[PDB]
Each structure stands twice: as C-alpha cells, then as structure tokens.
Peer 1: 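Provided herewith is a single structure, encoded as structure tokens, for subsequent inquiry.
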Amino acid sequence: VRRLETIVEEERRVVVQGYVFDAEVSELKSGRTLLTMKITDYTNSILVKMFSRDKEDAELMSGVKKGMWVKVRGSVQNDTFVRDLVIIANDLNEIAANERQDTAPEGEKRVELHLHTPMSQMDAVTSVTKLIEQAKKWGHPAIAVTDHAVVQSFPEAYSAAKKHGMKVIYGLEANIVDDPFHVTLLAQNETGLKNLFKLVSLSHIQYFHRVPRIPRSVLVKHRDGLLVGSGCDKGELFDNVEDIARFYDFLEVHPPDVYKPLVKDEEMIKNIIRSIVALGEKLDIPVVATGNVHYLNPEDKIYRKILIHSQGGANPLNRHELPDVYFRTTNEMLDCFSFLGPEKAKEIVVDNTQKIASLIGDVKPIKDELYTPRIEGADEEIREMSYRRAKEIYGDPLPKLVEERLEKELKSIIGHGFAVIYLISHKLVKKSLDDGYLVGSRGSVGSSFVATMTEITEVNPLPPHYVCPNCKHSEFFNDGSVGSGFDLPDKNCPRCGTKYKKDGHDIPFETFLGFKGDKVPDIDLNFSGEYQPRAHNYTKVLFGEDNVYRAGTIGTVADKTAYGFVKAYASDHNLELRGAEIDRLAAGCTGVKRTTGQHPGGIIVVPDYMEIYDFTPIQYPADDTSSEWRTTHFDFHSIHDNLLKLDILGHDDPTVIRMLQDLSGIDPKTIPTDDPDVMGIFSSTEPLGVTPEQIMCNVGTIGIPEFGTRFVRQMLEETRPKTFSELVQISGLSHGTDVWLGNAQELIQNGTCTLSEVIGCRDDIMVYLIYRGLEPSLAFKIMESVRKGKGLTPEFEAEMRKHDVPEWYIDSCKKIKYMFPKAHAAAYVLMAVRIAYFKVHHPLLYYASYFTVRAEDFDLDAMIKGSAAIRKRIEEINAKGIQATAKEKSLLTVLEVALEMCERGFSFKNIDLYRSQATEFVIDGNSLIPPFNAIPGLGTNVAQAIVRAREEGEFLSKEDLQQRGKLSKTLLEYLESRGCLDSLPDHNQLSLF
DNA sequence: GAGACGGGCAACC
DNA sequence: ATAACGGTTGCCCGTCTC
Ligand SMILES: Nc1nc2c(ncn2[C@H]2C[C@H](O)[C@@H](COP(=O)(O)OP(=O)(O)OP(=O)(O)O)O2)c(=O)[nH]1
Ligand SMILES: [Mn+2]
Ligand SMILES: [Mn+2]
Ligand SMILES: [Mn+2]
Ligand SMILES: [Zn+2]
Ligand SMILES: [Zn+2]
C-alpha cells in the first residue's frame with residue numbers, strides 16, 4: 001500500500017488509497033464505460049482511469065461518488081493527453097474512511113474552547129460545520145467558536161448546531177490593548193452575545209488600528225455574560241507577576257507541540273505550562289487544556305501554509321515553521337499532557353473543560369422572526385394613496401376587479417408589516433424623479449397593484465384591459481386568451497371617443513408575499529448608477545442615521561484565487577505537481593475569508609423599538625474608516641429573515657433612457673409597445689436598413705439590454721417573438737441555467753408542448769398548479785422551490801402527479817436552476833422596448849447613449865477607420881472562441897455595436913482637442929466624436945481636467961496642454977501620433993502671468 | 001510611494 | 001463555431017507615472 005507522494009514514475013503495479021474528490025463517467029464508441037476519478041491520500045493526489053469490461057462493472061462505476069474512500073490496484077502510466085502520470089486501475093474496492101477515533105469513555109469527553117474557522121481571515125481552513133460535525137462524532141458535550149476579531153461563523157455554527165444537535169459556545173479571540181495581546185471571550189448568555197456584537201462593532205469602528213482592537217477598559221465595560229480566557233502564547237500572561245492572571249475566569253494551556261516556535265527547549269515550555277497549572281490551583285482559577293484549532297486533521301495543515309504564504313514577508317508569520325493545530329481528540333489531549341500526571345491530565349483536559357461548558361447556556365445567535373418598522377401614518381397613508389390614485393385612473397366607484405385587488409392586497413401588506421417600506425420606496429422614487437433621474441422597475445413588487453398605485457413599479461399586474469385617460473371607462477379580459485394589455489390593438493373609448501390606454505400583465509399578487517406571509521420579500525428599484533449614492537443617503541434622512549445600514553459582504557477565496565495561491569506556492573517551493581494534486585490543494589483553500597465589502601445596494605432597516613445589536617455587529621467595509629456607510633457584520637443572507645431590505649440598485653437602463661430623453665425631447669412613457677418597426681428588430685434586421693451579412697447578425701437586437709447577447713440573439717432567431725408578451729416569455733427563458741438549453745428548447749422541438757406552454761416565469765408554475773387543482777399555498781411553495789433551483793421534493797412530485805401534472809412538466813421543474821418573476825421580465829422588456837424605439841427611429845441618439853453609458857472597452861483606431869477595420873478586430877476575437885479573455889469579450893460586445901453603427905451610415909471622428917467632451921460621446925452631423933476618457937490610460941479625472949482647463953482658457957502649446965490638462969508623456973504622445981495636436985506649437989516662446 | 005487606472009475577481013440582484 | 005443567464009457594485013493589487 002503505497003502513499004501517493006511516492007508515485008513518481010511509470011510503474012507496472014501499485015496499490016493505493018485515497019479520498020475520491022472527483023468522479024465522472026463517460027461512454028466509449030466500443031460501448032465500454034470509462035470511470036475517471038481524482039483521489040488523494042493527503043500526501044499527494046493522482047488521476048485514476050478504469051475501463052469497464054461488462055455492464056455490471058459499468059454501473060458500479062456510476063456508484064463511485066465524491067466523498068467515498070477507495071483502494072485501487074493498478075499500473076502507473078504517462079497519459080500524454082492529461083500530461084501527467086496516472087493510475088490505470090484493474091481493481092477498485094471501496095473502504096472505510098477509518099478516521100481518527102475519540103477513545104475516551106462516554107461522559108468523560110473533552111470540550112474544545114479555542115477554535116478558528118475559515119472566517120479567521122486567511123488563517124484557518126476547516127469549515128465550522130465540519131468541525132462541529134467532528135465534535136459530534138467524537139461525543140464532545142460542546143464545542144466553541146473563537147475566531148480572530150470577528151464572529152462571522154456564528155450563523156453557520158448555529159445551523160450546524162441545530163442540524164447536528166451539538167451545543168455550540170459562541171466566542172471571540174480578541175485583540176486587547178492596555179489603556180497588543182490575545183484573549184478568549186466565551187458568551188454565556190444573550191447578554192454576553194450582545195456584548196460580543198458590541199465589542200466587535202467598537203473594535204472595527206472606534207478602535208480599529210491595523211487590526212480591530214479593544215481597550216481593556218472597554219472589555220470590562222462589556223464583560224457581563226462573558227467568560228474571559230488568558231488564551232494564547234500571544235496571551236498577556238503566557239508572555240512572562242500574578243495580578244494579571246486573577247483577571248481571567250480561565251487559564252489556557254496548549255499542547256506542548258503547539259508552542260514549538262522559539263524559549264530554550266520543549267522542557268521549558270513544559271515548565272511554563274506547569275507554572276500556569278501552579279498558578280491556577282493557587283488562585284482557584286480553573287486551568288484548561290485548549291487546542292487553538294485552525295483545521296480538522298494533522299494533514300490539513302498544508303492548506304493553512306499555502307494561504308499564509310500567499311501574503312509574503314508582509315505577514316511574517318512566514319518567518320517560522322507552523323505549529324500542529326488540528327482538532328485533537330480527548331484521548332490524544334491526555335497523551336499530550338500525560339506529563340502532569342493522570343489526575344491533572346483528566347482535570348484540565350476534561351473536568352475543567354466540561355465545567356466551563358457547563359457555565360454556558362443555550363444562546364441563539366440569529367433570531368427566528370421578522371422585526372418590522374413602524375412610522376406613524378403609514379398604514380393609513382398607503383391605503384389612501386392607492387385608493388385615490390386608483391380612482392383617478394379607474395373611476396369612482398372602482399370596478400369590482402380593482403376594488404377587490406386593493407382590499408386583498410392591502411390587508412396583506414399592512415398586516416405583515418410592509419406598509420412602511422412601500423412608502424419609503426415611494427418617496428425614494430419621487431425624489432429621484434424630482435432630481436431628474438427616472439427609475440427602473442425590478443423584481444417581484446410589480447406583482448403588486450398597490451405597488452403600481454404607489455408608483456413603486458411601472459408594472460401593472462391586473463389582467464389586460466383598456467382604460468380611458470379621460471372618461472375612465474374600463475374593459476378587462478379574463479378569457480386568459482390575451483397575454484398582456486400591451487398586445488391589444490389600439491382602440492377608442494366607445495363612450496367619450498378618446499383614444500384608449502392599454503395595460504395589465506396578469507400577474508398574481510402572491511408571487512411577492514406568498515399566502516402565509518411566511519416569506520419576506522424586499523422591494524427592488526433600479527436607480528441610475530450616477531444617482532444610487534444619493535438615493536442611499538435619502539434613507540438616512542427618512543429612517544434616521546442609526547436605523548439603516550448597508551448590507552456588508554464577506555469576500556472568500558474562490559476557485560480562481562485558490563488556484564492562483566497554489567501555483568505560486570508550488571513555484572516558490574520548486575514543486576512539480578500533477579493537475580490532480582494542484583486541484584486538491586486548490587479545493588482545500590476555497591471558503592476562507594479574505595476580505596469584507598459592500599452589498600451592491602441593499603439597505604437594512606432597523607425598527608426603532610429594537611437596535612442593530614439585536615441582529616448583527618456593525619463595522620466598515622474593508623475596514624475603511626472614512627467610509628460614508630457602516631455595514632452589517634453578518635451578510636444579508638444570514639439575516640434574511642429578521643429585517644426588511646431595500647434593494648436600492650444601480651443600473652444603466654435608467655441612465656440610458658434618461659439620456660435618450662434629454663437628447664430627443666421625447667417622453668419615454670409615450671412610446672408605443674406595439675410599433676411594428678420597433679418590434680421587428682426582435683426577429684430581423686429589416687427595421688435597421690441593413691443586411692444580416694452587413695452586421696454579422698440575423699436579428700436587430702445588438703446593444704439592446706439582455707437581448708443583444710449572442711445566446712439571446714440565437715434564441716430570438718429561432719423564436720421570432722413580435723408581441724410584447726412573447727418578448728416577456730423570452731426574457732424569462734433566457735435568464736437562468738437549464739431553463740432553455742436542455743429543457744424548454746427540447747420540449748418545443750420534440751413537440752411535447754408549445755412555445756407559450758413552456759415554463760417562462762415562476763408565476764406560471766403557481767398559476768398552473770392551482771389550475772391543475774393543487775392548494776394555492778402548496779403551488780406557491782413549489783414555484784418558490786424551482787425558481788431558486790431547488791427542484792422538487794417527493795411530496796411535491798406526489799401532489800403534482802396526483803393531479804395529472806404530466807411527467808415532462810415535473811421533469812422540467814427539476815432542471816430549472818434559476819427563474820424570473822413575470823413582473824421583473826415585464827419591467828425589463830418595457831425598458832428594452834423603449835430603447836429599441838430609439839435604436840430604430842433615432843439611431844445616433846441610440847449610439848451616442850450606448851457608448852457614453854455602457855461601453856468601457858474600445859479600439860478607437862479600429863472604430864475610426866470604420867467598417868472593414870472593426871470587422872477585422874471582431875474576427876480576431878471570434879477566432880479565440882471561448883478562449884477569449886473577459887476583456888476581449890467586453891470589447892467584442894462594443895465593437896459589434898460600432899460595426900452596426902457604421903453600416904447604418906454613421907461614423908467615428910478622431911479625438912478632437914476642442915470638440916471632444918470628457919466622458920460623453922457627442923453628435924456631430926452623422927458622426928460621434930469620442931470623449932477623452934475613451935483613450936486607453938485616460939480615466940475620468942484627467943478627461944474632466946482637460947475640459948476644465950480648456951474652458952478656463954484655450955491651449956497655447958502642447959506643453960501648455962500637458963501642464964494644465966495634467967497629461968502624462970504617454971497620453972500626450974497618444975494625441976500627437978494621431979494628429980490631434982498638429983495645430984499647436986510644441987512650446988510657447990513667451991509666458992505671462 | 002502615493003495615486004490614477006485597469007484587470008481580475010467575488011458577491012449579488 | 002462550440003455553448004451560452006444577463007447585468008450591476010465593489011475590493012485588491014500590479015502597473016505604470018510623477
Ligand atoms: N438575470 C438574473 N436576474 C436576477 C437574478 N437574481 C435576481 N435577478 C433580477 C430578477 C429578480 O426578480 C430581481 C432580483 O430580486 P430579488 O433577488 O430581490 O428577488 P425577487 O425580487 O425576484 O424575489 P423576492 O420576492 O424579492 O424574493 O433582479 C439572476 O440570478 N439572474
Ligand atoms: Mn491567539
Ligand atoms: Mn487562537
Ligand atoms: Mn426582490
Ligand atoms: Zn490564528
Ligand atoms: Zn372615455
């Protein structure tokens with residue numbers, strides 16, 4: 001039985017063990033089956049191939065899973081396609097993991113009181129879930145979580161606590177400074193827990209230095225409910241006569257090995273530990289043997305080594321070799337301390353450890369319920385706001401339809417405590433408008449007609465209908481035969497003669513709030529990127545400075561970065577590693593916290609009768625103390641269920657159509673949604689006056705948000721939507737993995753159902769399951785499950801089958817990885833159509849707005865040279881296929897729209913010293929003049945300076961332009977070489993004040 | 001050696 | 001071409017310029 005680190009050359013026969021961390025199966029022309037595994041015994045790893053000799057072995061091959069352990073007897077060959085050595089197996093036996101066993105008697109088990117999770121930035125490697133699971137297996141009565149400076153593992157510890165029935169002790173390793181050493185804080189109760197949240201807040205905010213820190217006095221202030229340990233070798237007392245110690249409720253001692261970096265020798269460490277023992281008995285302070293766990297098993301160490309090493313001589317913990325700090329069993333802990341005698345062994349390893357755990361109650365770090373804000377007048381105001389607005393559109397009294405929609409909608413919104421955020425949402429939209437920035441609708445609030453009446457969405461969820469903007473008469477359609485009111489043919493009020501307005505997308509209110517109101521949705525708004533910060537700030541004014549917080553995020557090491565760290569470490573250590581082994585080192589690194597950041601837009605609202613510390617600590621994103629916003633210490637996901645969120649988002653659609661409006665004088669709300677020429681671009685280039693050959697594309701949607709992508713263009717080619725609601729079906733099908741490809745697309749092509757019958761929004765799942773007989777709340781639950789890509793449980797399938805829901809439909813639900821709500825699809829489609837109207841009728845406005853707002857990657861020389869030149873760049877990038885760099889892809893998107901622009905008869909002029917603007921593409925006859933910031937290296941600040949300076953006074957020489965415009969040599973050259981500066985002298989022979 | 005700038009990446013909707 | 005979910009904010013860090 002060979003360890004995998006000894007497999008080094010081709011070799012006739014080896015027997016090998018290892019965890020299978022990857023397994024796939026494929027079929028050969030011959031009919032034979034091939035199993036391909038990666039396995040590691042944790043000294044190294046290797047790829048393994050096995051060739052089936054019969055269908056019995058072929059199916060056993062399918063039984064091999066990630067997580068199994070396997071003994072393989074095989075040959076070792078160079079595989080020249082995988083470019084590494086590889087085992088060709090003829091023998092595979094599954095085997096026990098036979099892992100470290102905790103052999104002490106039941107009730108005589110150890111409790112770990114000092115332990116680090118992947119949340120100890122770049123320092124610890126095994127997830128808290130795995131650790132807690134291991135403690136459970138070992139029979140530990142409890143386990144502690146004590147991360148450095150943070151409590152970000154709490155949410156996951158809790159979950160695992162409940163799933164596994166393990167008692168968790170919620171703690172902190174804190175940096176205390178006297179008014180810079182380590183202590184262990186263990187929370188005994190909610191008081192303690194809130195004090196923890198507080199201390200981590202103060203340490204990240206008022207007292208952050210290079211590292212979150214806590215003055216001792218502030219610790220004392222917030223000590224109630226905490227047990228304080230003297231902790232580490234970087235502890236106060238280990239770092240040495242006696243008063244210091246009386247400060248701790250417990251005294252820590254690590255296994256002698258853990259201290260090995262140094263002191264004279266192991267015998268002295270051993271002495272120091274014995275004096276801490278002397279001290280503890282002397283002062284009646286329990287002494288505890290703690291592990292300082294930074295990973296599960298002895299071998300997991302290498303992952304910690306790789307992370308730490310990535311930091312460089314900057315961390316200098318790389319100065320010394322790293323201690324064995326794995327999760328030690330209760331029998332092995334005794335072994336480590338056998339030198340103190342068997343009575344003291346048992347005392348500090350189990351009796352005292354157990355005793356400290358006994359002093360800890362059962363704390364719930366994350367709350368169960370939702371706490372909802374109160375602002376006097378709100379329930380009342382949302383009611384009147386919406387009845388008033390509804391009456392002026394639909395008449396007095398209201399049609400039964402509308403009236404019933406409002407009654408049912410309000411009692412839910414009001415009763416489940418959402419009236420406040422509707423209102424705050426309405427003011428945000430109102431102020432943005434008044435400030436000159438229109439707002440784009442998004443997400444599930446468009447399922448709510450009250451939301452429509454409060455002008456928080458442009459989406460009207462009522463069934464399709466005509467309404468007169470004058471006489472107010474209404475015509476609704478519930479035949480279901482008509483998809484969206486926007487599909488209706490233009491018509492006149494048969495009563496006043498006035499031309500009818502059309503609306504209604506037939507969306508059920510429940511998509512938003514469900515039936516129980518056990519769901520907590522949010523309100524999503526698309527503000528323009530330029531405006532987003534201001535909308536954010538307005539919520540401070542509305543709720544008060546201390547009752548809102550930006551949701552914070554935790555940046556972890558994901559695959560690409562992990563791979564990056566491992567390769568470098570290999571390189572620096574001169575290791576030649578196999579793909580398989582690099583893979584497995586990579587995997588052991590992912591999950592580890594590297595930084596913190598900011599939710600892209602969500603603001604979390606704290607009810608005035610609670611406080612943020614009932615829910616999470618707070619801090620600064622990335623620890624920037626000059627940040628305008630404080631962030632939540634837990635991310636939004638951990639507290640999803642406790643506080644409402646306003647998704648105040650940034651998006652280009654509002655900005656673009658704002659510019660389209662400010663350039664044309666046209667009110668986008670007046671734009672028709674059934675303009676044949678506009679809608680034609682979704683299935684043809686005709687409306688654009690160009691050939692498919694001319695623009696290398698069969699449909700007219702280049703540049704159109706969502707629809708301009710290569711994937712979506714292809715979908716359009718095959719579906720040819722013309723109707724608003726057909727576009728809405730496509731919007732749904734084109735967003736989310738396994739929605740179209742391998743799912744709907746096949747169902748349509750098999751003829752197993754029609755385009756319109758295929759599942760195109762989460763709503764249709766609910767509406768159809770109710771139709772088919774199921775209980776609405778259950779139909780809701782099922783919709784919610786598939787649209788989160790969670791598939792179907794057995795109970796769901798059973799309820800579906802029991803109601804004649806066809807197998808192809810059930811099977812289609814199980815595929816969907818993600819899925820729009822109809823209201824979002826309608827909102828986006830409406831936005832895309834408004835823009836399309838400019839693409840078609842005001843092309844230059846469309847392009848000026850596109851390159852101004854959306855593009856950030858150019859090849860200006862190509863663009864200026866024109867059609868043939870652009871085409872050549874594009875073909876260059878096409879040749880690279882899916883081997884194109886993210887940036888080439890970004891550029892390809894923009895060149896595609898340049899080539900189309902040029903073919904439609906327009907063009908690009910060179911940067912122009914006196915006509916170019918800073919950041920905006922301007923219209924000049926049939927051209928666009930590029931702005932300065934389009935030049936590579938020339939970013940916004942310089943662009944703005946060049947314009948400022950020129951407005952202060954024109955440029956008298958290249959030199960003058962360089963000084964006043966703040967231009968580097970390279971940038972100056974850029975302009976020179978292109979003839980931009982030709983009309984200027986290099987320098988002036990005079991200069992005056 | 002501090003400050004633009006852009007790429008590369010992670011979180012998120 | 002293949003297969004293909006689209007689009008947004010924000011942080012780090014190497015690079016290139018004084
Ligand atoms: N293309 C795409 N769009 C998304 C994705 N996630 C969210 N969005 C868009 C569509 C959603 O309706 C909206 C995201 O809103 P939320 O995350 O608040 O969820 P949504 O509002 O759909 O449901 P909710 O009722 O809030 O639980 O933005 C995604 O993975 N892909
Ligand atoms: Mn420590
Ligand atoms: Mn520690
Ligand atoms: Mn939402
Ligand atoms: Zn540590
Ligand atoms: Zn009328």
Side-chain angles (χ1 to χ4, degrees), chain A residues 112-126 131 144-151 153 171-176 181-186 211 229-236 238 252-255 258-259 261 288 290-295 301 303-305 307-308 311 315 317-318 322-327 418 421-422 425 440-448 451 456-457 459 507 511-514 519-526 551 592-593 599-603 636-637 640 644-649 762-763 784 787-788 818-825 827-828:
Chain A
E112 190 39 280
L113 304 161
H114 184 159
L115 167 147
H116 293 265
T117 80
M119 283 314 88
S120 283
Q121 205 172 301
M122 295 291 107
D123 194 31
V125 141
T126 302
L131 264 6
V145 178
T146 69
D147 276 316
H148 295 276
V150 305
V151 293
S153 264
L172 220 209
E173 193 160 38
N175 309 318
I176 313 295
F181 63 90
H182 302 194
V183 304
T184 308
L185 306 174
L186 297 183
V211 120
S230 59
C232 225
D233 85 83
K234 282 139 311 214
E236 191 173 33
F238 190 100
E252 287 181 80
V253 137
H254 301 318
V258 169
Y259 298 102
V288 284
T290 76
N292 214 344
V293 182
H294 283 76
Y295 43 83
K301 178 187 219 165
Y303 309 119
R304 168 139 110 111
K305 200 189 262 53
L307 276 170
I308 284 176
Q311 294 180 320
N315 172 153
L317 205 50
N318 292 301
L322 298 165
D324 306 299
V325 277
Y326 58 86
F327 198 2
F418 281 69
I421 62 172
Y422 267 69
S425 281
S441 298
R442 186 171 189 156
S444 60
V445 264
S447 324
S448 168
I456 254 55
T457 182
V459 177
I507 303 161
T511 298
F512 176 72
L513 255 165
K519 173 190 160 176
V520 17
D522 64 359
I523 288 169
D524 308 282
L525 277 339
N526 266 351
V592 178
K593 167 183 187 194
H599 195 278
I603 304 289
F636 170 65
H637 186 279
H640 193 280
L644 291 176
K645 178 189 59 146
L646 296 165
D647 256 349
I648 300 175
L649 298 180
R762 79 179 66 158
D763 311 61
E784 283 308 68
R787 66 87 163 188
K788 290 160 174 179
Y818 172 84
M819 177 131 97
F820 277 172
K822 213 206 209 130
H824 177 89
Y828 273 35

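Start at 1 and go down the list; that is how both ligands and their atoms are numbered. Values below: every heavy atom of this structure, side chains too, minus hydrogens, waters and symmetry copies. The chains referred to below are lettered A, B, ... by the order of the sequence lines, with proteins before strands, and numbering in each begins at 1.
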Peer 1: Tell me, do A/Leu307 and A/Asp123 make a side-chain contact under 4.5 Å, heavy atoms counted?
Peer 2: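 Not touching, per the 4.5 Å side-chain cut-off.
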Peer 1: Establish, from distance only, whether the side-chain atoms of A/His148 and A/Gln121 form a donor-acceptor pair under 3.5 Å.
Peer 2: no
Peer 1: The Mn ion (ligand 3) and A/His148: any N/O/S contact shorter than 2.8 Å?
Peer 2: no
Peer 1: For A/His116 and A/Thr146, does a side-chain donor sit closer than 3.5 Å to a side-chain acceptor?
Peer 2: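 Checked: A/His116/A/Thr146 side chains show no N/O donor-acceptor pair below 3.5 Å.
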Peer 1: Determine whether the side chains of A/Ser153 and A/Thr117 contain a donor N or O and an acceptor N or O closer than 3.5 Å.
Peer 2: yes
Peer 1: Once rounded to 10 degrees, what value does the angle at the Zn ion (ligand 5) take between NE2 (A/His148) and NE2 (A/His294)?
Peer 2: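 Approximately 120° at the metal, rounded to tens of degrees.
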Peer 1: Please calculate the OD1(A/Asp522)-the Mn ion (ligand 4)-OD2(A/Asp524) angle and round it to 10 degrees.
Peer 2: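 Value returned, to the nearest 10°, is 90°.
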Peer 1: Do A/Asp522 and A/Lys645 meet the salt-bridge criterion of a basic N to acidic O distance under 4.0 Å?
Peer 2: yes
Peer 1: Please state the angle at the Mn ion (ligand 3) spanned by OE1 of A/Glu173 and NE2 of A/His116: what is it, rounded to 10 degrees?
Peer 2: 70°
Peer 1: Quiz question: by atom type and distance under 3.5 Å, do the side chains of A/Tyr828 and A/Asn526 form a donor-acceptor pair?
Peer 2: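 Indeed, the side chains of A/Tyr828 and A/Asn526 share at least one donor-acceptor pair under 3.5 Å.
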Peer 1: Would you say the Zn ion (ligand 5) has A/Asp123 as a near neighbour, meaning an N/O/S atom of that residue under 2.8 Å away?
Peer 2: yes
Peer 1: For a distance under 2.8 Å, tell me if A/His116 has an N/O/S atom near the Zn ion (ligand 5).
Peer 2: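 It does not: A/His116 brings no N, O or S atom closer than 2.8 Å to the Zn ion (ligand 5).
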Peer 1: Of the backbone and side-chain N, O or S atoms of A/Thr184, does one lie nearer to the Mn ion (ligand 3) than 2.8 Å?
Peer 2: no
